[PDB]
Amino acid sequence: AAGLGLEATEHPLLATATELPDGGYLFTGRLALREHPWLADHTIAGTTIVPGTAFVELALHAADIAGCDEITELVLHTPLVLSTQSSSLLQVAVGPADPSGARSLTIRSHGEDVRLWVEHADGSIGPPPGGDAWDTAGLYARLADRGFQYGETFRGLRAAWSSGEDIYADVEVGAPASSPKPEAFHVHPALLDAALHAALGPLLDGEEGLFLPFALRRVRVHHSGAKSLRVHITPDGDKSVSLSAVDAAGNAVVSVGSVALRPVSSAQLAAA
Amino acid sequence: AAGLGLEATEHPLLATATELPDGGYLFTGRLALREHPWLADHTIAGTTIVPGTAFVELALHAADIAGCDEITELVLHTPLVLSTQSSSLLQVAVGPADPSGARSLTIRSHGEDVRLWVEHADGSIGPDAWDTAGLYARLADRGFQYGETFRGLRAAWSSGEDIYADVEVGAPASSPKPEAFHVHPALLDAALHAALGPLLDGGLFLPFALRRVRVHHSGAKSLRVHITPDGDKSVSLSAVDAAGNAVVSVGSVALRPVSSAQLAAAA
């Protein structure tokens, strides 16, 4: 990294971080399924793709290095498809600060011997009683039948109850010995994704096909490295939920103003 | 480079090139005297510093990658001091294009385990026979300690206010080949050694500002150079290669005094 004229960063998905003269930042890394076999456990209708929560994690790292408290808003566009035969240059770009302190943010990649960048995300950064217990293995079976083919690392929903319109979930990182440890991330993408698996129950209930995250608002992490979470999920309008989470000692870890889901065609994914 | 998530570039002083989402570019490289011993031959008053013409070269590479014909203006500020015990992260940043196609350019560095960037240059890009060994001896006595790679002025004549110079890269096997550069910094710098002659008769003088640098063919191995005055301590120049093809021209080069104390401060 120094050998190429750049400053290193410590993160499981990014190798470099540099502040540019205009006050913006660039982060870069190599993304290959062979170096990150845990990502193989996030497969949707036959296609292995970087989860939305991983793009969230990347933005959290940028937020942290640039001094911002919040991902204000993030929207996902074209997916990033991983396979064992391929590998991608991955980049996060952050603009300079507004007078209010807000910065644009973008995440993009391209195949190792391909020229054209593909934009996967953009957005901005700146300033339990009497509830019916769920059969979570049963939830994962039904999700699998719809195309959510979560391998061991992404089957992190251990337990769940609902009361009224709300859901409470215990999540943990599935198959620990098979990812980088959750202590190495702002929030392990499998942990945060497993927190959404519960929400998929009611949200898919009388629905045809697949629904994935496409937009998040007000993501604020208060402590990095949580290994597990107790999660309060509440509805937020149609196909949206919000959530709030403490760790096993009750310290507040992360909150999400809003996560919006949308229908995706499996054929679009096979194409990407 | 690919291993860190970046696109490589082929250049002797830069390892990477990336286009940023805003249409700007970033180039990076590591700069260590131990990997580039030819740069030890550019020493001024005891302090080894990257020559002005190397900053010009860096801009030329940026210009080329970004589709600009010309360095419109370039100004040097703090020098970049090299030593055998040190190494610098080097960075060239280019802004997005104007409607006219003009882009800002900045060059900066910082020591490998130091936090603060130092800006070395900024600007914009867009659309009678002489005894030369005698010249070098006098220049050495004043503090211009050019080693072999930078003693590239082979011959020179003046007529009227104008100067004509044959330059080559000194000690070729000890720098990267001139083919690998837009214009080998030693070649271009030797072209200025001649202009130091008349100037230093009326301390130490280095380039501080350049205007309208356009290269017409990259990779020249030697040059015949026409130098003309352009106001006081400024010259302009024009250069063809050994076959008479036009290689490079410079609207203006301004020189300024530098004190060994300023150099110690930069170190």
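What's counted below: heavy atoms across the whole structure, side chains too, no hydrogens, waters or symmetry copies. Sequence lines set the chain letters: A, B, ... in the order given, protein chains first and strands last, and positions in each chain run from 1.
Between B:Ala220 and B:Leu187, the shortest heavy-atom distance links the atoms O-CD2, 3.2 Å. Nearest heavy-atom pair across B:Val167 and B:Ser222 is O-CB, 3.3 Å. Nearest heavy atom pair, residue A:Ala17 against residue A:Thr9, reads CB-CB, 3.9 Å. The two residues B:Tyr25 and B:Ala66 make their nearest non-hydrogen contact at CE1-CB, 3.7 Å. The two residues A:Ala62 and A:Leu105 have their closest heavy-atom pair at CB-CD1, 4.0 Å. When every heavy atom of B:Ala102 is checked against every heavy atom of B:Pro127, the shortest pair comes out as N-CD, 4.4 Å.
A:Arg103 places a side-chain N or O within 3.5 Å of a backbone atom of A:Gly95 that can act as its donor or acceptor partner. A donor-acceptor pair under 3.5 Å links the side-chain atoms of A:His42 to the main chain of A:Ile49, judged by distance alone. Counting only distance, with no hydrogens or angles, the side chain of B:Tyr146 and the backbone of B:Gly152 share no donor-acceptor pair below 3.5 Å. Under the 3.5 Å distance criterion, the side-chain polar atoms of B:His184 are left unmatched by any main-chain donor or acceptor of B:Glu168. Not one N or O on the side chain of A:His120 forms a donor-acceptor pair closer than 3.5 Å with the backbone of A:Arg108.
Taking a 6.0 Å sphere around CD of B:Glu179, one finds it holds more than 12 heavy atoms contributed by other residues, nucleotides or ligands. Counting heavy-atom neighbours within 6.0 Å of B:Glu148 CD, excluding the residue itself, gives a total of 12 or less.
In this structure, B:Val183 and B:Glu57 have side chains that are in contact, with non-hydrogen atoms separated by less than 4.5 Å. For the pair B:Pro229/B:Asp162, a side-chain contact is recorded, criterion being any heavy-atom separation below 4.5 Å from C-beta on. Counting only heavy atoms from C-beta outward, the side chains of B:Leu192 and B:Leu237 approach each other to under 4.5 Å. Here the side chains of B:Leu263 and B:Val81 are not in contact, with every heavy-atom distance at 4.5 Å or above. Within the 4.5 Å cutoff, no side-chain heavy atoms of B:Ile44 are placed close to those of B:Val258. Contact of the B:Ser109 side chain with the B:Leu31 side chain is not registered, since no non-hydrogen atoms from C-beta on lie closer than 4.5 Å. Counting heavy atoms from C-beta on, the side chains of B:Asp69 and B:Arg214 never come closer than 4.5 Å. Looking at B:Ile163 and B:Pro198, their side chains come closer than 4.5 Å, going by heavy atoms from C-beta outward.
B:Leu90 CG to A:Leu4 CG: the interatomic distance, rounded to the nearest 0.5 Å, is 12.5 Å. Note: B:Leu76 CG to B:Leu206 CG = 9.0 Å, rounded to the nearest 0.5 Å. Rounding to the nearest 0.5 angstrom, the gap separating the CD atom in B:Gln91 from the OG1 atom in B:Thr28 is 7.0 Å. Note that CZ of B:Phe55 and CG of B:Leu74 are 9.0 Å apart. Values are rounded to the nearest 0.5 Å. Annotation: the span from B:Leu223 atom CG to B:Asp241 atom CG amounts to 7.5 Å, rounded to 0.5 Å. Residue A:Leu80 holds its CG atom at 10.0 Å from CD1 of A:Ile107, rounded to the nearest 0.5 Å.
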**OP:** Could you walk me through whether A:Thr18 and B:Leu26 pass the side chain to side chain contact (heavy atoms under 4.5 Å, CB included) test, one step at a time?
**Re:** CA-CA 10 Å; A:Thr18 98; B:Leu26 176 71; 4.2 Å; yes
Subject >> CA sep, side-chain torsions, deciding dist, call: B:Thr84, B:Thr48, side chain to side chain contact (heavy atoms under 4.5 Å, CB included) >> reply: CA-CA 10 Å; B:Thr84 53; B:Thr48 299; over 6 Å; no
**OP:** Tell me, with the steps shown, if B:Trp157 and B:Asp166 meet side chain to side chain contact (heavy atoms under 4.5 Å, CB included).
**Re:** CA-CA 9 Å; B:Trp157 310 261; B:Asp166 285 10; 4.0 Å; yes
**OP:** Carefully, step by step, assess B:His110 and B:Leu116 under the rule side chain to side chain contact (heavy atoms under 4.5 Å, CB included).
**Re:** CA-CA 6 Å; B:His110 75 62; B:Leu116 295 178; over 6 Å; no
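Taking B:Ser104 as the reference, nothing meets the side chain to side chain donor-acceptor pair (under 3.5 Å) condition, with sequence neighbours excluded. Shown here are the ring pair (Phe, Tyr, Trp, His ring centres under 6.0 Å) partners of A:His11, two or more places apart in sequence or in another chain: A:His61, A:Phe185, A:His186. In terms of the ring pair (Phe, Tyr, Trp, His ring centres under 6.0 Å) criterion, B:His77 has no residue partners (sequence neighbours excluded).
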For residues 246-253 of chain B, dump all side-chain donor-acceptor pairs below 3.5 Å to protein atoms at least two apart in sequence or in another chain.
residue, atom, partner, partner atom, Å
B:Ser252, OG, B:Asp230, OD2, 2.7

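Between the side chains of B:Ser124 and B:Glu73, no donor-acceptor pair is found at a separation under 3.5 Å.
Sequence neighbours left out, the pairs with a member in residues 206-234 of chain B that pass ring-ring contact (aromatic ring centres under 6.0 Å, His included) are B:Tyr164-B:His226. Here salt bridge (charged side-chain N to carboxylate O under 4.0 Å, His left out) pairs that include residues 8-36 of chain B, with residues two or more places apart or in two chains, are B:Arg30-B:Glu35, B:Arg30-B:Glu112.
With ring centers used as reference points, B:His193 lies 6.0 Å or more from B:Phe150.
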